[PDB]
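K.L.:
My questions will all concern the structure given below.
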Amino acid sequence: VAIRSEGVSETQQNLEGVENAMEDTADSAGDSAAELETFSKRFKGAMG
Amino acid sequence: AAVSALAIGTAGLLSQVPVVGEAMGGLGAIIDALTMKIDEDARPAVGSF
């Protein structure tokens, strides 16, 4: 009999899923920084 | 950095060398009066004719 263990032991995974999806949102939000300095440090080429 | 350096290189030199064309142009043009005065001394020889 394993009627209880099957229902709970998935949620321990779902917890890590929430956290790893949060990390994904943070790492993906990091894309908004990826070429940021990369444009601005070039841009004095415009002024020159 | 390199394109601004190139830009500054061209800006600094074009505001120099062809503007500095005033050197060859100026000291070239000024040959005018300082050849010319061979005329003011030409008349003295006419006075000696």
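Naming works like this for the structure tokens: A, B, ... for the chains as they're shown, residue 1 at the start of each chain, ligands 1 onward in shown order.
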Please identify every residue of chain B that has at least one atom no more than 6 Å from any atom of chain A, counting only C-alpha atoms, and report them as a PDB file with N, CA and C atoms, in the first residue's frame.
P.N.:
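After the write, out12.pdb holds the following:
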```pdb
ATOM      1  N   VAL B   3      37.401  53.755 -33.566  1.00  0.00           N
ATOM      2  CA  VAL B   3      36.685  54.588 -34.528  1.00  0.00           C
ATOM      3  C   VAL B   3      36.660  56.045 -34.060  1.00  0.00           C
ATOM      4  N   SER B   4      36.509  56.292 -32.748  1.00  0.00           N
ATOM      5  CA  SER B   4      36.660  57.643 -32.219  1.00  0.00           C
ATOM      6  C   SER B   4      38.098  58.152 -32.360  1.00  0.00           C
ATOM      7  N   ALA B   7      38.389  59.018 -36.020  1.00  0.00           N
ATOM      8  CA  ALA B   7      37.595  60.227 -36.185  1.00  0.00           C
ATOM      9  C   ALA B   7      38.365  61.464 -35.720  1.00  0.00           C
TER      10      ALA B   7
END
```
K.L.:
As a PyMOL selection string, please: every residue in chain B that a backbone DSSP assignment puts in alpha helix (DSSP H).
P.N.:
chain B and resi 2-14+21-29+31-36+42-46
